[PDB]
């Protein structure tokens, strides 16, 4: 499905996809979940739970910026494999906030997409995917893994 997903996004098939889920940043234990898919398959040993600071008021934009900064500054320092595609959960505002960090702080030109509705491009807009397409199934498998990872 990565081949079709890349084609839909106008990027080469992403061999490494990293997805961030911030559904739990408001709970008693604020956390951002990261799942990694390599060659379209789960890379479970690379999943990470990023505990974040209590969201400052309604500003969850800085919370996501901080999580992206946190992971990738480390990845860049250690020379670890960079993603070919980053997926985040949140709207246009969250994509704008993350893209700014990626381009201006990390100097990365990594494809970025939002979250079911898929937002892509800069400025972003909805990509009309079919619910039974291979690319949609891949995105759904990624979301399912985020859910199973919940216990962790």
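Numbering follows the first chain given and starts at 1.
Counting only residues of the deposited sequence, how many between residue 115 and residue 116 have no atoms in the entry (none, 1 to 3, 4 to 9, 10 or more)?
Count of unmodelled residues in between: 4 to 9.
Looking at the entry, does 134 to 142 or 7 to 15 show the higher mean C-alpha B-factor?
According to the PDB entry, the answer is 7 to 15.
Could you check the entry and say whether 82 to 90 or 41 to 49 has the higher mean CA B-factor?
It is 82 to 90 that shows the higher mean C-alpha B-factor.
Which of these has the highest Cα B-factor in the record: 98, 33, 106, 126?
If I rank 98, 33, 106, 126 by C-alpha B-factor, first place goes to 126.
Ranked by Cα temperature factor within the chain, is residue 62 in the lowest third, the middle third or the highest third?
Residue 62: CA B-factor falls in the lowest third of its chain.
When the modelled residues of the chain are sorted by Cα temperature factor, does residue 56 land in the lowest, middle or highest third?
It falls in the top third of the chain.
Which third, lowest, middle or highest, does the C-alpha temperature factor of residue 28 belong to within its own chain?
According to the entry, residue 28 has a C-alpha B-factor in the chain's highest third.
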